Number of protein chains: 2
Amino acid sequence: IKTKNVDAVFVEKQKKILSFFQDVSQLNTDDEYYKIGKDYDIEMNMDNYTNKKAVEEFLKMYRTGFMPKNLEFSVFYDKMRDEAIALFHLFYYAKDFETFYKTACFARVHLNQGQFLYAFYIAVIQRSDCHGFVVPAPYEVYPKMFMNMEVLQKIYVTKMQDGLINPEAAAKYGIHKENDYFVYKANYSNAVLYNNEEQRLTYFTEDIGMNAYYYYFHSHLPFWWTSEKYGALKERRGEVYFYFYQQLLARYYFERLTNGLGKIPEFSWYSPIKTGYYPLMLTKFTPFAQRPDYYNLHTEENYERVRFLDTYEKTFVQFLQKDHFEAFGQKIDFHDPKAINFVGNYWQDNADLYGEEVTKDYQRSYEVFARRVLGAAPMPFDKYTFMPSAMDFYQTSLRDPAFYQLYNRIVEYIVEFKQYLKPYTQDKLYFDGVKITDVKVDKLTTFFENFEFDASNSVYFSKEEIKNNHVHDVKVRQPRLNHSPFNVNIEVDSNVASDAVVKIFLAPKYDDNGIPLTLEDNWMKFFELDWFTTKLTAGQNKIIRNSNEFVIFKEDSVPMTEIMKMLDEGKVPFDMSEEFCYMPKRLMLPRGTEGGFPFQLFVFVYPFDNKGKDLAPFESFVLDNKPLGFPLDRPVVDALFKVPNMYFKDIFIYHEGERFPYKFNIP
Amino acid sequence: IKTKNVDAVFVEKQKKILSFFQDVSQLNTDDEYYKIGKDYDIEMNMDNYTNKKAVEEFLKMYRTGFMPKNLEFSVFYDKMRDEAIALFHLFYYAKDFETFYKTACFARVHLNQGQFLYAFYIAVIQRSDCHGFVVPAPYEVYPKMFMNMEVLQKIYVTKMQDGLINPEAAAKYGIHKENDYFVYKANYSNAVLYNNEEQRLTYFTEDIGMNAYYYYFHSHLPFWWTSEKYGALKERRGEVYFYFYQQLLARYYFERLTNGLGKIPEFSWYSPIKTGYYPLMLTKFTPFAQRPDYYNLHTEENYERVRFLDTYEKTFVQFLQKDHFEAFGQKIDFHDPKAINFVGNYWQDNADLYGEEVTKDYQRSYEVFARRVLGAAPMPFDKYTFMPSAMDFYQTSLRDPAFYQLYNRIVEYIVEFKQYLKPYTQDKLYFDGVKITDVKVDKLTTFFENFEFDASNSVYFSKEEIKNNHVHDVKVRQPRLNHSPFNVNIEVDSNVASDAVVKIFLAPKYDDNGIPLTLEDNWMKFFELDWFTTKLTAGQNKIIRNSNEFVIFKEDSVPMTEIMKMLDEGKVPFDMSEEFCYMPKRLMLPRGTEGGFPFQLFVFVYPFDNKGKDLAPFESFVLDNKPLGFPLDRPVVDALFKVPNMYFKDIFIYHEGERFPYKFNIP
Ligand code: NA
Ligand code: NA
C-alpha cells in the first residue's frame, strides 16, 4: 500500500540483498552467489575494507574455525557471538556495495546459516550505503521460530509425500493446497495446552509481529555494539532501553488486564519460580527446554550463576544507597535525569557502558545469565552445543512469561532510580492560555483476522528440484489481533497563535479490583500512542488525529514475493524501508470485550519551539529535548500535575466477532 | 639414601633441636631441657633478642596467661593463634642458637605442648641460622593426627597391659611385637565405614604423606606471617597460593577419575551440603565433629557466619565486574597477570594483603570461617575449648571431602579472574627451529606397599619408666601408594645450538564420559611434573629424564631414630634438609587400573636465557621470569596454542599387585 520509488541501480542492489533470504538452509551450486562465494579471497581484497584490524581479526578467527553448519546459533554464548561480531565487522567495513555483496556470498557459502543471517540482517540495517534498503520480515527468514512444532511437522510430512495423499483427510488437519501453495492453519499453543493462566495471553505472546518486533529492536541496536554511529543518540542510549521495556511491559499489562490476570509476578533467584513455560518448538538436534511450574532456580548447577546475578543487583542497590558515586570510569549523580543513560546501560551491560566499540567476554552480562537460568535448560554440552530455550533468541523471547518477569524486575529497579528525580512542577507543565476543553474518540473495537505468511524457507528441496526451480511453497495462516481505525478529536482553546506538541497516551482505568488508577503510582502504566505538532490559532481549535497517522506504529511487512513484484515496478514499501523497528499497528489496542473494557486516554498539549521555519518529523523531535515519554518519564504528584492543557477521557475497548482464535481454525 | 655431610657443631645443634620432638606429651625432670627451662628468665635476657617490642609483647601476654596444658591447640582461633604467634616471635628474634634453644626449653616446660610444637616447628623452618637444619616428619611429631581411633586405642590398651596378653589373640587384630617395637597394622577408614562414594579415595585423602605435605606447606609460609623474609618472592605470594591449590586439586581430580568419581561438587552456604565426613579420630576431651550427609549450612548458629562469607565472595564478584579498582590501599587491574598476587592474597586474607608483618583479629579470615562452618562442630564453649574438626588442623585437612570442595570454590573464582588475561600468542610460545619429533615413556605402574612410621610420641610413660629409659616403642604400618620409576625420552630436532627449558605436565585424556579433553577448558587440570634445562645441539637430540630426577617431588622422610644414627656418622638426609615442602614422590601418579587407565603427557620445550655462565637449579628458575605453571597459567585457545616445540603423548597408568589396601592388613 504505502510505497516509494527507486532507480534501477537501487533495484539491482535490493534484489542482490534479498537473494540471501531466499532458500536459506540449502545451497544452489548453479546460482551466482555460489560461484562468487566459493573462490572469493578476502586476503587478496584486504585494501577493500575500511578497517584492516577488523579483517585481520576475522581471518585469524576464521582459520581457527567457526561454528559448524548443522548446529543452532545463538548470540547469547561467547564464542558464537564473537564469530558473529567478527563476521559483522567484515560486512560493515567493506569499502562499497560490491565488496559487501562478495563478502556475503562467501559467508553464505562457507558458514553456519544462522550465524550468517544474524550477521547479515544487522549489517544491512547498520551500513550507511544500505540505509533506504529493505529486509524481509523475520518470520519469513526464520519461519521455524515463529510456529509450533505441530505445524512444522505437517509441513515436513507434506513435502516428504510430494503432496497431499487424500485432500479430504488433510482438510481435517487444517491443510489444503491453494494454487501452488500448501496452506497450514495454525492454532496458538493453548489450543493444545493450558498448563497455567498465562496461556490466556498466547495470541499476544506468540504473535509473529510482537516477536519480530523484538527481533528488530535488537537488530537496530545490539547490546554488544556501540551506538557511536548514531552520534547524539549515544548519550541517550540508556533512555531508549528503559523506554522500550517500560512501554512494551505497559502494553503487556493491558493484555493481562483484559484477561483478568493482574500484575506481573515477582521471583527470587533463591526460590522456586511459580510460572512454567512449555515451548512447543524444536531444532535439528533437540527440543527447546521446558520449565515446569515451581521450578527451583537454586540448584547445584546454578549456584555460581545465582551468586553473580545476586551481586549484579546488590551492586545497583548500593548505587541507590549513595546518590552520587563513581562507576565504570564515570561520575554518576542520581538527581540528574540524564543518569538514566548510565542506568540503562548498566542493566543491559552494553558496549556504551564501558567506552568500547564491542563488549568483551570478561564483561559478563546480567541479561545473558538471567536468561540462561530462567531458561531452565541443562548445562550446554560444549560451546556450540546447548539446549535452546525461548530466551536464547530474540525471535522467541516474548513467548515466555519469564521474559516479562525478568524485564519487569529490571525496569522496577530503574524506577527505584526514577524516584530521585524532582517531580515536574506546575509551571514546567503549564501551557499558558491554552486549554483542552474536550476530547472525543471514535469507536474502539478489536477483532481477529486470518493472516498468512510465507513459510517456505523451512522446506528442504532436491538437487534435481533446485535446478528445475520446482515450486513447493508454504503458507501458514492464523488469526491475529487487529482493530478498526479511529479518530481522536481534540478541542482546545488557544488564547493566541502558538505552535504546539500534542501527545497521546493510553492507560488503564481501574486495577483488577475496581480501584481507580492514580497517576502517583500508575504513571509507568501509561503507553504512548502519538507524538505530533500543530499550529494553534486564537479562539477555538480542533485537531482530528487518526490512528493510521499515529507515529509510533507500523503496517505489516510485505512478503518477499510481493516486494519482489514491486521492484519490477520501480517501487518499494515505505513502512519497511524506514519504519521497521516500530510496533505493528494492529496490536496497538489490547483485546477488548464484547461489552467494552474500560481504559482511559491522556491527551497533553504543550509548547513547541517555533523553528521560525517549516518542520519535518524526525528532527522536529530532536529540536525539543524533552525526555522520552514526557511528561510521564518520572513520578508524578497528582495535585502538582494536572493542568488545563491536559485531558483524561474515559474510553471503552470493545471486541467484535469471534472471541477465540481457534474458532477460525476449525475444520 | 640421599645424604649430606655436616660438622660436629651442626650435629650438636641438630640433636638439641630434635630433643623437643622426642617425648612430647610428658616432661622428663631429670633431662637437661627441664633444668634450663624451669628457671630461665626472659626479662634478664632481653638484650639477647633482635626485637625488644616482640619480647615485651610476649612477656605481657604470657603474664596475662596462655592456653592450659590439657587442651587442644588450633591456629584457627584468635587468642590461641596470637599466643602462638608471640611465642614464635620470641623464637625468631632470639639473638643466636643458644638463646633460641634456651627459649624453647622454657616453652616446652611452661606451655601447652601443641602450641609449643606449632611455634617451634615453624621457628626452625623460618630462622636463617637454622636453614640447613632438619625437622622430623609431622606424622612422627603428631602421630595421633595421622591414625584412626581404632589404632590409637589399641596402642593405649597394649601399654596399659604392659604388653601383649595372648600374642596369638592379638595377631587377629593386626598387633604383634617385633623386637622391642609393638606393631599395629592400620586400615583406611572405609575398611570400617563406607558412608558415601568419597570413601573410595581414602588411600589418597588419608595418606600420611599428603597430609604431612599440607602441614609443611603451611609451616613454610603461614597465612598470618608476611613473606618479607623471602624478598622478591613476596611479590609472587598470591601466585604461589593459587598454584599450590590448583596443582593439588588437579592431582586430586586424577584420583577421582580413576575411581569413577568425576568433578568436584559445588555447594551453597544457603543450602544443605550433600557430602558428609565422619572423622574417626579423637582428643583427650572430645571426639572430632561429624558432618552428616545433607547437613544444612544455614541454621541459626551460622546465620552471621554465612553473611560474612557471602559478602566476602560478593566483594570479589564486584572486583570482577570492574576490571580496575582500588582495594586494600592498592590499585588493581585485572588485565595485569601480576594481579594474581593480590587475588591470591585476597582469598587467603594473609599478612601481605595489608602491608603488615602479622594479621590482626579484626582482619577476619574467609578461610577460617569457611572451615569453621563446613566443619559442622557446635559453637566453641570458650576460646580454648572447641569441638575439633578435620579443618582445625593442617595435619587433617585433606581428610575431608569438604576441604577440596572449599578450595575448589576459591580456585574457580581465581580462574574467573584468569579470564581477563590475554591468551599466549603463537609467537610468544614458538621455539624457532626446534621441534619435538617424538616422546616415548616407560611403563607407568602403580602399586601399594606397606610403610611403617614411629608412632611412639602417642604413648604415656611412668616416672619410674622415664628415668629407666625403659622402651615401649610403637610402629604403625599401612599400605601406601607408590609407583615404579620410569623414563621419559624426548626426541627433539634443534636447528641450532641453543639452551632450552623442558617442562613436563600430566593431564587427563577424557572426562568420565569419554569426551576427549580440550585445552581450552581443561588447562587447569594439568599437573606439572618437571622443570629442567638442557643444552640442545644442532640436528637430532634426545633427552632422557627419569622420574627420580623430577624436581617437583621428594623422597619419604627418614624416621628420627634413623636421622639420629646418621648424625653419629656426620651425615644428614638431603631431601629432608632442603626439599621437605614438596609432594612425596610415591604419590605422583594416581592409582592406575590393571588394564591401563588413560592419561596424557604434555612435553613443552622453550628458549632458556643463556646465562653466558654455568647454571644451578634454584636461581635458574628465577633468571627466567615465566609465571608458575607456564605455559598453562592462563586460558589457552587450542588453535592459537599448539606449536612444534609442544608434544602430547597418550599414556596409560597400570596398577600391579593387590588392588585394595585392606588385603595387606588381613590376619
Ligand atoms: Na518480576
Ligand atoms: Na566446590
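For this deposited structure, the header cites X-ray crystallography as the method used and 2.90 Å as the resolution.

Mind showing me how you'd approach the pattern of salt bridges here?
When their charged atoms lie close together, side chains carrying opposite charge are able to pair. All chains considered together, the criterion is met by 76 salt bridges over all chains. Measuring nitrogen to oxygen at the nearest pair gives 2.6 Å for the salt bridge that ties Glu304(A) to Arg364(A). Of this pair, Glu304(A) sits in helix α13 (residues 303–321) while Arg364(A) sits in the loop between α14 (340–348) and α15 (366–374); the two residues are 60 residues apart in sequence, bridging distant segments of the chain. The closest approach of N and O atoms between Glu619(B) and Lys611(B), which form a salt bridge, is 2.8 Å. Each member of the salt-bridge network shares a partner with another, and the members are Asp310(A), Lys314(A), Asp310(B) and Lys314(B).

Would you explain the coordination of the sodium ion (ligand 1) in this entry?
Residues and elements named next belong to chain A. With distances of 2.7 to 2.9 Å, the protein atoms coordinating the sodium ion (ligand 1) are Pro265 (O) and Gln405 (O). Placement of the pair is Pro265 in the loop between α12 (237–258) and β4 (272–273) and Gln405 in helix α16 (residues 401–418), with a sequence separation of 140 residues. Accessibility classification places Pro265 together with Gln405 in one group, the buried group.

What exactly am I supposed to notice about the UniProt feature "domain: Hemocyanin middle" (unreviewed entry) in chain A here?
Under the present numbering, the feature "domain: Hemocyanin middle" (unreviewed entry) in UniProt falls on residues 137–413 of chain A. The annotated region residues 137–413 of chain A carries 40% helix and 8% strand content, and the separation between its end C-alpha atoms amounts to 33 Å.

How should I be thinking about the domain arrangement of chain A in this particular structure?
By a widespread convention, an interface's size corresponds to the accessible area lost as its parts come together. All names here are of chain A. Domain assignment breaks chain A into domain 1 (1–187 + 450–480 + 557–570), domain 2 (188–420) and domain 3 (421–449 + 481–556 + 571–667). Domain 1 and domain 2 are separated by 27 Å when their C-alpha centres are compared. Taken together, the 52 residues of domain 1 in the interface contact 45 residues of domain 2. Carbon and sulfur atoms supply 61% of the area buried between domain 1 and domain 2, which totals about 4400 Å² over both sides. When the buried area of domain 1 at its contact with domain 2 is split by residue, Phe76, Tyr77 and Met145 rank highest and sum to 18% of it. Between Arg480 and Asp207 there is a salt bridge, and its shortest N-O distance comes to 2.8 Å. Connecting domain 1 to domain 2 are 19 residue pairs in polar contact. Looking at the side of domain 1 that touches domain 2, the elements with two or more residues in it are α4 (78–92), α6 (113–126), α7 (138–141), α8 (149–160), β9 (444–454) and β10 (473–483). When residues of the side of domain 1 that touches domain 2 are assigned to their parent elements, the largest contribution, 10 residues, is made by α4. Of the residues assigned to the side of domain 1 that touches domain 2, the class counts are 33 nonpolar, 10 polar and 9 charged.

Where do I start with the packing of aromatic side chains in this structure?
Any aromatic ring pair is given by two values, namely how distant the centres are and how the planes are angled relative to each other. Inspection of every chain in the model, using the stated rule, returns 192 aromatic pairs over all chains. Residues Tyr346(A) and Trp347(A) carry aromatic rings whose centres are separated by 5.5 Å and whose planes lie at 80° to one another, so their mutual orientation is edge-to-face. Taking 6.4 Å as the distance between ring centres and 15° as the angle between the ring planes, the aromatic pair formed by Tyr214(B) and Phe217(B) counts as stacked. Of this pair, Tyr214(B) and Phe217(B) both sit in helix α11 (residues 208–220), 3 residues apart, roughly one helical turn.

Explain empty space enclosed by the protein to me, please; I cannot follow it from the model alone.
Where empty space is left can be seen by rolling a probe of water-molecule size over the atoms. The space that makes up the largest cavity amounts to roughly 160 Å³. Along the wall of the largest cavity there are 20 residues; nearest its centre are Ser189(B), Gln199(B), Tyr277(B), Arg399(B) and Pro401(B). Classifying every residue of the lining of the largest cavity gives 8 nonpolar, 8 polar and 4 charged. A volume near 130 Å³ is recorded for the second largest cavity. Lining the second largest cavity we find 18 residues, and of these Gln199(A), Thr202(A), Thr205(A), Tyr277(A) and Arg399(A) sit closest to its centre.

Honestly, the sheet that holds strand β8 (residues 436–441) of chain B in this entry has me stumped. Any pointers?
Sheet strands associate in pairs through backbone hydrogen bonding, adopting either a parallel or an antiparallel arrangement. All names here are of chain B. Overall, antiparallel pairing links the 3 strands, which are arranged β8-β11-β14 in an open sheet. Looking at strand neighbours, the two that pair on one side only are β8 and β14 (539–546), the edges of this open sheet. Shown here is a sheet whose adjacent strand axes are inclined to one another by a mean of 15°, direction ignored. The sheet contact formed by strand β11 (residues 487–494) and β14 spans 8 bridges and is antiparallel. Note on β14: the bridge partner recorded for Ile490 is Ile543.

Would you take a moment to explain the packing of α13(A) against α15(A) for this structure?
Pairs of packed helices are described in terms of their axes, by the angle between the two and the distance that separates them. All names here are of chain A. Closest axis-to-axis distance for the α13/α15 pair is 10 Å, and the angle between their directions is 135°. Put simply, α13 runs oblique to α15. Once α13 is placed against α15, the crossing between them reads as left-handed. Residues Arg305, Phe308, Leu309, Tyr312 and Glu313 of α13 lie in contact with α15, whose contacting residues are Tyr366, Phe369, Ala370, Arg372 and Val373.

What am I meant to see in the nonpolar core here?
Among soluble globular proteins, nonpolar side chains are generally buried collectively. In terms of nonpolar packing, the biggest core is built from 451 residues, with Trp347(A), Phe334(B) and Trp347(B) touching the most fellow members. The contacts of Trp347(A), once residues within four sequence positions are left out, are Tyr241(A), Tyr312(A), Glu313(A), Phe316(A), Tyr366(A), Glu367(A), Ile410(A), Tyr413(A) and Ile414(A).

How should I be thinking about the side chain of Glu198(A) in this particular structure?
Tracing the backbone through its elements, the reader meets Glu198(A) in the loop between β3 (181–185) and α10 (202–205). Once you skip the residues sitting within four places of it in the chain, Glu198(A) turns out to touch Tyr252(A), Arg256(A), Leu261(A), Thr275(A) and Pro401(A).

Thresholds, definitions, all that
Residues numbered from 1 in each chain as written, not as in the entry; some residues may be left out. Chains lettered and ligands numbered in written order. Part of a larger assembly, values for the part shown. Heavy atoms only, no water. Salt bridge = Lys/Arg side-chain N within 4 Å of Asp/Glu carboxyl O. Helix = DSSP H or I, 4+ residues; strand = E, 2+ residues; numbered from the N terminus. Donors = N, O, S within 2.8 Å, 3.2 Å for Na, K, Ca; no water. Buried < 20%, exposed > 50% of the residue type's maximum accessible area, 1.4 Å probe, protein only. UniProt positions renumbered as here; feature names shortened; annotations may be inferred. Domains from an automatic or database assignment. Contact = heavy atoms within 4.5 Å. Buried area = accessible area lost by both parts, 1.4 Å probe. Polar contact = N/O pair within 3.5 Å; in protein donor to acceptor, adjacent residues only side chain to side chain. Nonpolar A, V, L, I, M, F, W, Y, C, P; charged D, E, K, R; others polar. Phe/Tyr/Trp six-rings, centres within 6.5 Å; stacked < 30°, edge-to-face > 60°. 1 Å grid on protein atoms, 1.4 Å probe; cavity = no way out; pocket = protein on both sides within 12 Å on 5 of 7 lines; lining within 4 Å. Points joined across faces, edges and corners; volume = space filled by probe spheres on them. Pairing = 2+ DSSP bridges. Axes fitted to C-alpha atoms, helices over the stretch in contact; angles between N-to-C directions. Parallel < 35°, antiparallel > 145°, perpendicular 65-115°, else oblique. Left-handed = near helix turned anticlockwise from the far one by under 90°. Core = buried A, V, L, I, M, F, W, Y, C linked by side-chain atoms within 4.5 Å.

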